[PDB]
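Novice: Can you read through this structure? Questions will come right after.
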Amino acid sequence: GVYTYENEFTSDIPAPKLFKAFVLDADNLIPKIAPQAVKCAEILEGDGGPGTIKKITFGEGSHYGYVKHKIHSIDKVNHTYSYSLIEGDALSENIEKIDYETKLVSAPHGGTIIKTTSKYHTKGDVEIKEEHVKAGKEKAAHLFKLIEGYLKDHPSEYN
């Protein structure tokens with residue numbers, strides 16, 4: 001019924017330096033990459049931990065709308081972050097929650113590779129087109145670059 005897909009991508013910053021700013025600074029960096037897209041991400045409980053519930057509110061497009069995200073488990077020692085989407089305007093009652101997986105890996109060349117797996121659930125007949133998902137993957141791969149891009153800038157309080 002549902003197939004899982006894994007995507008690999010190489011980014012700057014070491015697995016650990018990116019892992020922290022990827023999950024520890026995600027609550028603040030997530031909205032930084034697309035602030036006009038959402039008003040602000042809030043966590044009902046967990047604060048970025050296991051079984052944490054997140055709520056995002058969109059002020060653009062329809063008059064109302066909000067997506068919720070849930071974390072399954074995080075491994076700071078294994079540099080692995082797993083999370084899933086609970087509700088969202090793009091999900092609708094036809095699309096069920098989606099299991100998301102994030103894995104940070106470093107290479108001997110000095111670069112850092114990041115593996116992410118995604119899984120979408122459906123009520124039963126509601127299905128999506130692989131071509132549509134492939135397009136979303138491209139947009140996501142572009143967001144990852146922005147994550148390291150900001151870290152590379154290294155903003156100073158003096159500025």
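Identifiers in the structure tokens: chain A, B, ... in order shown; residue index from 1 per chain; ligand index from 1 in order shown.
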Hey, what's within 10 Å of residue 149 in chain A if we count only C-alpha atoms and toss same-chain stuff fewer than 6 positions away? As a list in words, please?
Specialist: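 Those residues are residues 11, 12, 13 and 143 of chain A.
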Novice: Restricting the output to N, CA, C and O atoms, write the selected residues as a PDB file, in the first residue's frame.
Specialist:
ATOM      1  N   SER A  11      26.064  17.608   1.930  1.00  0.00           N
ATOM      2  CA  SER A  11      25.975  19.046   2.310  1.00  0.00           C
ATOM      3  C   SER A  11      27.241  19.452   3.068  1.00  0.00           C
ATOM      4  O   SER A  11      28.055  18.624   3.426  1.00  0.00           O
ATOM      5  N   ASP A  12      27.412  20.723   3.316  1.00  0.00           N
ATOM      6  CA  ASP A  12      28.625  21.182   4.052  1.00  0.00           C
ATOM      7  C   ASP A  12      28.419  20.969   5.554  1.00  0.00           C
ATOM      8  O   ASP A  12      27.424  20.418   5.980  1.00  0.00           O
ATOM      9  N   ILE A  13      29.353  21.398   6.359  1.00  0.00           N
ATOM     10  CA  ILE A  13      29.207  21.213   7.831  1.00  0.00           C
ATOM     11  C   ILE A  13      29.285  19.722   8.165  1.00  0.00           C
ATOM     12  O   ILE A  13      28.739  18.893   7.463  1.00  0.00           O
ATOM     13  N   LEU A 143      16.065  22.985   0.227  1.00  0.00           N
ATOM     14  CA  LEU A 143      16.004  23.554   1.602  1.00  0.00           C
ATOM     15  C   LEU A 143      17.235  23.103   2.393  1.00  0.00           C
ATOM     16  O   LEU A 143      17.831  23.871   3.121  1.00  0.00           O
TER      17      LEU A 143
END
Novice: Might you pull out every residue within 12 Å of residue 6 in chain A, with only C-alpha atoms counted and same-chain residues fewer than 2 positions away left off, and present them as a compact mmCIF listing (two decimals) with N, CA and C atoms, in the first residue's frame?
Specialist:
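And here's part.txt as it stands now:
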# COMPACT_ATOMS: atom_id res chain seq x y z
N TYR A 3 4.87 2.77 -0.07
CA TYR A 3 6.29 2.40 -0.31
C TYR A 3 7.20 3.45 0.32
N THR A 4 8.30 3.04 0.89
CA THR A 4 9.23 4.02 1.52
C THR A 4 10.30 4.42 0.51
N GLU A 8 19.56 10.45 -0.79
CA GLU A 8 20.89 10.81 -0.21
C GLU A 8 21.34 12.16 -0.76
N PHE A 9 21.98 12.96 0.04
CA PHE A 9 22.44 14.29 -0.44
C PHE A 9 23.69 14.72 0.34
N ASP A 99 5.64 9.21 7.66
CA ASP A 99 6.83 8.89 8.49
C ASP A 99 8.08 9.48 7.85
N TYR A 100 8.76 10.35 8.54
CA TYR A 100 9.99 10.97 7.96
C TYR A 100 11.22 10.49 8.75
N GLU A 101 12.31 10.25 8.07
CA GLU A 101 13.54 9.79 8.78
C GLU A 101 14.73 10.62 8.33
N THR A 102 15.57 11.03 9.25
CA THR A 102 16.75 11.85 8.87
C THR A 102 18.02 11.19 9.40
N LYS A 103 19.02 11.04 8.56
CA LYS A 103 20.29 10.41 9.02
C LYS A 103 21.47 11.25 8.56
N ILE A 114 23.85 13.39 3.88
CA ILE A 114 22.62 13.28 4.73
C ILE A 114 21.60 12.36 4.04
N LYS A 115 21.18 11.33 4.72
CA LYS A 115 20.18 10.40 4.11
C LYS A 115 18.82 10.65 4.75
N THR A 116 17.79 10.79 3.96
CA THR A 116 16.44 11.04 4.53
C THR A 116 15.42 10.09 3.89
N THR A 117 14.61 9.45 4.69
CA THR A 117 13.60 8.51 4.13
C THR A 117 12.20 9.10 4.37
N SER A 118 11.29 8.90 3.46
CA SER A 118 9.92 9.45 3.65
C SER A 118 8.88 8.36 3.40
N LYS A 119 7.79 8.40 4.12
CA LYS A 119 6.72 7.38 3.93
C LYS A 119 5.36 8.05 4.12
N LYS A 134 8.22 13.18 -6.39
CA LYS A 134 9.58 13.49 -6.88
C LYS A 134 9.78 15.01 -6.89
N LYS A 137 10.52 16.27 -3.46
CA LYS A 137 11.91 15.92 -3.05
C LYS A 137 12.87 17.01 -3.53
Novice: Near residue 77 in chain A, counting only C-alpha atoms, which residues have an atom at most 12 Å away, once you skip same-chain residues fewer than 6 positions from it, shown as number ranges by chain?
Specialist: A: 15-16, 19-20, 103-104
Novice: Select from range 82-108 of chain A every residue with an atom at most 12 Å from any atom of range 55-70 of chain A, then for each give the shortest pair of atoms and their distance in Å to one decimal, using only C-alpha atoms, rows by chain and rising number, as CSV.
Specialist:
residue,atom,partner,partner_atom,distance
A:82,CA,A:70,CA,9.2
A:83,CA,A:70,CA,5.8
A:84,CA,A:70,CA,5.2
A:85,CA,A:69,CA,4.2
A:86,CA,A:68,CA,5.0
A:87,CA,A:68,CA,4.9
A:88,CA,A:67,CA,3.5
A:89,CA,A:65,CA,5.9
A:90,CA,A:67,CA,8.3
A:91,CA,A:67,CA,8.4
A:92,CA,A:67,CA,9.8
A:96,CA,A:68,CA,11.9
A:97,CA,A:69,CA,8.8
A:98,CA,A:69,CA,9.1
A:99,CA,A:70,CA,9.1
A:100,CA,A:70,CA,9.5
A:101,CA,A:70,CA,11.5
